[PDB]
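Okay, structure first, notes after.
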Amino acid sequence: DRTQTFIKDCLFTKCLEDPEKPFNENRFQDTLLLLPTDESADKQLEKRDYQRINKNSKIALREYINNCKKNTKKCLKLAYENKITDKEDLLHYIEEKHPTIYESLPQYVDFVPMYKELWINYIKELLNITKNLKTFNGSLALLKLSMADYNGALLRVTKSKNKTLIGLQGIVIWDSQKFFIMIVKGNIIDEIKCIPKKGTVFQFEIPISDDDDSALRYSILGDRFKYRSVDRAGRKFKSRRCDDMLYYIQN
Amino acid sequence: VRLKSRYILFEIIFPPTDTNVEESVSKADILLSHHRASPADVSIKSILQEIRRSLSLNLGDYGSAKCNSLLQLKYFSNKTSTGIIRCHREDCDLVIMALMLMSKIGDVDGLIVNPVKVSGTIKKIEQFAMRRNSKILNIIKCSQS
Amino acid sequence: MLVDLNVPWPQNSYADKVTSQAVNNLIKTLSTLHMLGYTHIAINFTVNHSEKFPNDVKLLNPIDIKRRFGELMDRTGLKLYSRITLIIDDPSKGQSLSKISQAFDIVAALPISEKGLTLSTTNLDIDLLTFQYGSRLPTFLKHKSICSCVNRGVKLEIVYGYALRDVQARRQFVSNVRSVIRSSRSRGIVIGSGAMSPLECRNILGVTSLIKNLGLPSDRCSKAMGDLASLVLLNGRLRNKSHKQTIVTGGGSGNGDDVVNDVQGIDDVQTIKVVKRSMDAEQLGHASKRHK
Amino acid sequence: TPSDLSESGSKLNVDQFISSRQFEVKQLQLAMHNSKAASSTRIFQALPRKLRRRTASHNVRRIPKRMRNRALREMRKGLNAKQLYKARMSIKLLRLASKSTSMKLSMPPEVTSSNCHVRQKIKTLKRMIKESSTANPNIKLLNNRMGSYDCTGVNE
Amino acid sequence: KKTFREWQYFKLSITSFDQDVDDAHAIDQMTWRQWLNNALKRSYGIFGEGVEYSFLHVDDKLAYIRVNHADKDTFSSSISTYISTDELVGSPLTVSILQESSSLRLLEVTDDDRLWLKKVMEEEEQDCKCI
Amino acid sequence: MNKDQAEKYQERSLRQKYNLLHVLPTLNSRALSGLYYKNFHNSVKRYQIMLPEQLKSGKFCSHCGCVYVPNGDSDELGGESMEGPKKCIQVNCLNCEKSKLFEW
RNA sequence: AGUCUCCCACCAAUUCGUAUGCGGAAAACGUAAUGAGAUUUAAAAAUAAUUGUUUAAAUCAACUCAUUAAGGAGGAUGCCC
RNA sequence: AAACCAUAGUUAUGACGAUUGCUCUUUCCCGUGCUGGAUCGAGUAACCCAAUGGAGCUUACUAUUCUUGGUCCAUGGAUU
Ligand SMILES: [Mg+2]
Ligand SMILES: [Zn+2]
């Protein structure tokens, strides 16, 4: 195949100005294609039931949040007007004098002992917290915690972009996708706390009191807590930029 | 974002340094006595080495290092003594000053380097060279009378 | 805050044994760096990729930060990190980075070829991309590759400490640095000093003057040495210490105990942090109201 | 033959296509140019940007979703005035889905005009339209075949 | 209605890390000038040597050099590059730029050399603005 | 992740979810009941393991998601009324006012 | 900038003779009212183009899909009156 | 053998000087205030660059690395 190539080279030296380019940039196709370019019933029932339960639970959670947000304001204003500082006084007062408004307010005194211990036992048995601490594995424990469930957990905001969100402790009731739901207590504060996750740092401490008084210092990062696997593994991860964490080093 | 190049056109002119011989005063006579010819010992690597030596001797170390990154002689022939050197747009003035500060060749003495046209494209350089060559013939034809 | 990430170690292959004079010169240069002023220093350990890597873990890191550097840091007042540069030329089969990346903190690369450069930019999980400023560049660096790599992670490193070595090396150093700055769009640039003795060290103003003479502005130089250095340290610290940026074993209560800052507290043979109980459920939530 | 068969289709080979026909090309070039055939320069000039056009795609087209949905409606499925327009649009959509290639490519598989029985529907709806009491000699009678009448308003 | 930059001050200091050699060997004012000329000639050609500069308040490894605003970069880049070798001491010398000032307001000690320099440049600043 | 330690983690997570689905709020708060019910079911769907029909029949509510419970730990009752047939057997609750009836 | 789409000759018609929410020559084009949806879905994921992150998954906001043909006349309701 | 044609046209859009305007901070004044005036300064950015023309869509931009308008059943403080 020398002669016909030379002939088409002489053919290109008439039209084109540099005849040897189409062969080097591979612009002369040797081939050109000529072709037109070319037990089910219960399953349905349970799927409908689950969809309905989800759609109802969402509205129920929204209405519960709204009711709590209104009741905190109302009770706090009534307490400020009522010449009352202590919580044990305001609680009993609104008990005797405001029957209905008391059925909606929550009781953190019972929210602590059930949730905290049932979460601590589960995490202790999951991370294999033993009387001895010579049987640990850091990377595997980190993988487990990334896979672990954090419903009913105590978390503290230690660092945040906002200077006011830091230092808040609370037990969560539901894990959303953008906001974080907890409950905090004070002398008269019973605020349901909705805190943003974009730009905040959390931490959770596990008590260990075999013989000495020790605790594990763990922490999570909300910014990258949204793209984690849930309850299992085997998900393709992507390096994002690892650049929007300047607030961590700044302060 | 985009590599900006700038070519410089330079010419070698030999002044008639001879006080024992009287000269004719006109346009084409001095044009011919200044554009006589270049010597045989003339090349591209011999002019590039000379200009590199001159640049390193006049500017210095960093002054030669910054210009010697894209310092090349693209087209030059000894028949007419016109050459086109490629350089950057940042160090173009330094290359022009080095061409001005060119003292002499290692074997040939008494010559001047004249920068004529500088631009960022070779097509306009060739067009200006053709225009200058056409203009040169006019005074020659007029003086041959 | 000033960070120097390219302090070379007097050793290239594991067959070498470092004498006391070299570690004493390193002690002297660390004291010199602390005298004028510095905040973070990460020493480098260069090794080649082709030869076999020892099948050990407790023998892969010949730095011993705790024994000698831990003995001098209480008098010095700064922290040290271990870094390794993988000089890769051809895609050989010897590749066990899953151990070296976990044993070390920061992993960099020094490619010589184009295929090695492409594979290290795409597939190799590294932190910094260093070029041989002593030798010539492999080929013409493109813009899109460097920009996509900066957006994806790994940035380029400029070593101004090499220009103090020889006389003919400065020309190639400048010719490489200008091309790197032009092709990287002046975004992912981290500057380091590759000096083996305290005789070739400079002040921050000298570095600023040299870089601004090279072509990069001074404010961008300060920005890249202040925040881009801390971020590239945090990346290499969190990708190893923590998981893939989901759970961190370090808890910052105030402003001094950070995963990159707190180095003596966080255990390294494991990843636990034994701290006394400071968070119970009976304390008031509001930190302004919570008083001890 | 310069072309070949394949499992996919019928392909053409350029090599033999021009190698077999060389003397014909030489005769054509000598018939076009007589004095410049022996020379070797650039004869043909570049295309002016004004005459230059752009390249389209190799697909046919993409149908809108509304027309496709209405075609699906009609295919799967005294009269009031709106039921006249409904039947007219129904026959129009059937004719479209019959002729249109984009609509056919947007139609669902296992659906053809024979199974949908387009012809009987067309006949029934045309019977409805002819029952719709058309007044043709009230519309007007024109002069030619292509629509061209006079729009002249006297004192208005 | 603006200000013309006459020159810029540069706080230099020879910093060699050997006290055993520093206390033994002495450094005078001609050494500084010789080192500057050698640095200029080794890093640059005549371009670097033609830099205008004087000496003010020479001390033990402390000196104040005024350099024009036009070649401040050329000065500060050659200062941070060169390292003395076999000039006057067997131990190499290098200079570290302490700070820079463009308004004569700088703080070292309670001496009056700065004061008489300021006197001269006061009677010259008013003179240059008036003329 | 090792398979032997992954199986154990699976059973532990299932146990923890079912335990949190019990004590105070999943009984009282219908919102949290539905939420933790949805979470447990999304967790058992990801493992693709069949669930026991014996409990799946009368497991929870379909309107809110509370345990169907009539009247060591005194707690709240889930179902307030459970009539006879009266035409056909049905069950009602307190958390909401809907009732679910099954035919013999 | 981008491997996205389309116009840049006509065709009383084998030539998308398409009166189909509105504008538009076309657009793998802009926007408006209502209802619903989340690998348990019409379809996005943890067995044509583009984007480092790449819709949502308390409420809002954002994406996708499913309906509403142009003009004139009569009755009822609501507002200034 | 040409159809050769751009109020940029084939990867050219260079070198500095001067003036006005904008952001915050430094101070003064009348009458709190004013698209108020006057100095002492800094900044005028980032994304990126045409190669025949127009429209639609998507994707990169604006942290002491110029700006502007509005919203938020986001939190932080104060009054009712
Ligand atoms: Mg382009
Ligand atoms: Zn219910």
Residues located in region C:210-251, provided they are more than 8 Å from chain A (Cβ to nearest Cβ), farther than 18 Å from C:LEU128 by Cα and not basic (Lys, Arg): C:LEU210, C:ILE211, C:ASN213, C:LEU214, C:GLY215, C:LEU216, C:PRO217, C:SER218, C:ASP219, C:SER222
Helices (runs of 4 or more DSSP H) lying entirely in region A:1-96 (those with 2 or more residues that are of a type in the set (A, V, I, L, M) and either more than 16 Å from RNA strand H (Cβ to nearest atom) or in contact with a helix residue (DSSP H, G or I) (Cβ under 6 Å, 6 or more places away or on another chain) (or both)): A:41-81
Odd one out for D:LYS11 among (1) within 11 Å of another protein chain (Cβ to nearest Cβ); (2) among the charged types (D, E, K, R); (3) in a loop (DSSP other than H, G, I, E, B): (3)
Answer residue from region D:44-62, given it is more than 6 Å from RNA strand H (Cβ to nearest atom) and within 12 Å of chain A (Cβ to nearest Cβ) and is farthest from A:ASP38 (Cα to Cα) among those: D:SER57
Boolean, D:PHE23 is exposed (fewer than 11 other Cβ atoms within 10 Å of the Cβ) and touching a helix residue (DSSP H, G or I) at 6+ places or on another chain (Cβ under 6 Å): no
Test result for E:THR94, hydroxyl-bearing (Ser, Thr, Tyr), in contact with a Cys (Cβ under 9 Å, 6 or more places away or on another chain) and surrounded by 14 or more Cβ atoms within 10 Å (Cβ to Cβ): yes
Filter result for the condition that a residue is more than 19 Å from C:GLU282 (Cβ to Cβ), within 15 Å of RNA strand H (Cβ to nearest atom) and not charged (D, E, K, R), over A:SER160, A:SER146: A:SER160
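Identify the residue in region F:49-73 that is polar (S, T, N, Q) and more than 11 Å from chain A (Cβ to nearest Cβ) and, among all such residues, is farthest from A:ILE173 (Cα to Cα).
Top of the filtered list is F:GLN54.
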Residues of region C:146-163 classified as assigned to a helix (DSSP H, G or I) and under 22 Å from A:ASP244 (Cα atoms), total: 7
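Restricting attention to region F:37-48, does a residue exist that is more than 16 Å from RNA strand H (Cβ to nearest atom), surrounded by fewer than 11 Cβ atoms within 10 Å (Cβ to Cβ) and more than 13 Å from chain A (Cβ to nearest Cβ)?
We begin by selecting, within region F:37-48, every residue more than 16 Å from RNA strand H (Cβ to nearest atom); these are F:37-48.
Applying the additional criterion that residues be surrounded by fewer than 11 Cβ atoms within 10 Å (Cβ to Cβ) yields F:48.
In the following step, the residues that additionally are more than 13 Å from chain A (Cβ to nearest Cβ) were identified as none.
No, every residue in region F:37-48 fails to be more than 16 Å from RNA strand H (Cβ to nearest atom), surrounded by fewer than 11 Cβ atoms within 10 Å (Cβ to Cβ) and more than 13 Å from chain A (Cβ to nearest Cβ).
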Number of the exception - D:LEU47 against (1) over 25 Å from A:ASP18 (Cβ atoms); (2) assigned to a loop (DSSP other than H, G, I, E, B): (1)
Restricting region E:17-70 to residues that are in a loop (DSSP other than H, G, I, E, B) and in contact with a helix residue (DSSP H, G or I) (Cβ under 6 Å, 6 or more places away or on another chain), the residue that is farthest from B:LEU57 (Cα to Cα): E:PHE17
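Quick check on region F:56-70: of everything there that is within 25 Å of A:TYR115 (Cβ to Cβ) and of a type outside the set (D, E, K, R), which residue is surrounded by the fewest Cβ atoms within 10 Å (Cβ to Cβ)?
Among those that are within 25 Å of A:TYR115 (Cβ to Cβ) and of a type outside the set (D, E, K, R), it is F:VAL69.
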So D:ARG95, is it among the basic types (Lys, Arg) and within 24 Å of D:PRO64 (Cα to Cα): yes
Within region A:191-226, tally of residues that are more than 16 Å from RNA strand G (Cβ to nearest atom), of a type outside the set (A, V, I, L, M) and at the interface with another protein chain (Cβ under 10 Å from one of its Cβ atoms): 12
Yes/no for C:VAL167 being within 14 Å of chain B (Cβ to nearest Cβ), in a loop (DSSP other than H, G, I, E, B), out of contact with any strand residue (DSSP E or B) (no Cβ under 7 Å at 6 or more places or on another chain) and under 30 Å from C:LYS28 (Cα atoms): yes
Of residues in region D:50-85 being loosely packed, with under 10 Cβ neighbours inside 10 Å and in a helix (DSSP H, G or I), the one farthest from ligand 2 (Cβ to nearest atom): D:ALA81
Residue list for region F:67-90, restricted to those being more than 19 Å from F:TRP104 (Cβ to Cβ) and β-branched (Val, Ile, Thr): F:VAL67, F:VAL69
Candidate set from region F:15-31 (those that are under 13 Å from the mean Cα position of the chain (by Cα) and under 19 Å from A:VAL230 (Cα atoms)); member that is farthest from the other protein chains (Cβ to nearest Cβ): F:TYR18
Selection status of C:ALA195, among the aliphatic types (A, V, I, L, M), within 22 Å of the chain's Cα centre (by Cα) and part of a loop (DSSP other than H, G, I, E, B): yes
Residue within region A:172-189 that is under 26 Å from C:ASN235 (Cα atoms), touching a strand residue (DSSP E or B) at 6+ places or on another chain (Cβ under 9 Å), among the aliphatic types (A, V, I, L, M) and within 12 Å of RNA strand G (Cβ to nearest atom) present: no
Tally, over region F:47-66, of residues that are on the phi > 0 side of the Ramachandran plot and among the small types (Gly, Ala, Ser): 1
Close pairs from region F:75-104: first within 20 Å of F:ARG30 (Cα to Cα), partner exposed (fewer than 13 other Cβ atoms within 10 Å of the Cβ) and of a type in the set (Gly, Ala, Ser), Cβ under 7 Å, at least 6 apart: F:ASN92/F:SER81
Enumerated helices (runs of 4 or more DSSP H) restricted to region B:30-145, each holding at least 1 residues that are out of contact with any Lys or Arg (no Cβ under 8 Å at 6 or more places or on another chain) and loosely packed, with under 15 Cβ neighbours inside 10 Å: B:44-58, B:92-100, B:122-144
Condition broken by F:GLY79, with the remaining ones in (1) more than 16 Å from ligand 2 (Cβ to nearest atom); (2) of a type outside the set (A, V, I, L, M); (3) within 14 Å of the chain's Cα centre (by Cα); (4) under 29 Å from A:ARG62 (Cβ atoms) satisfied: (1)
Subset of region C:262-292 (residues that are touching a helix residue (DSSP H, G or I) at 6+ places or on another chain (Cβ under 8 Å) and closer than 28 Å to C:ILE126 by Cα): C:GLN264, C:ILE266, C:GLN270, C:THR271, C:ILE272
Pair list, Cβ < 9 Å and 6+ apart or interchain, from region A:32-58 residues that are more than 10 Å from chain F (Cβ to nearest Cβ) to residues that are away from RNA strand H (no atom under 16 Å from the Cβ) and aliphatic (A, V, I, L, M): A:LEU32/D:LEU12; A:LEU32/D:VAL14; A:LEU33/D:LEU12; A:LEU34/D:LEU12
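Heads up, the Cβs are rebuilt from the backbone with ideal geometry, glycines too, and the neighbour counts pull from every protein chain shown. A short reminder: the numbers here are calculations on the coordinates, not readings from a lab.
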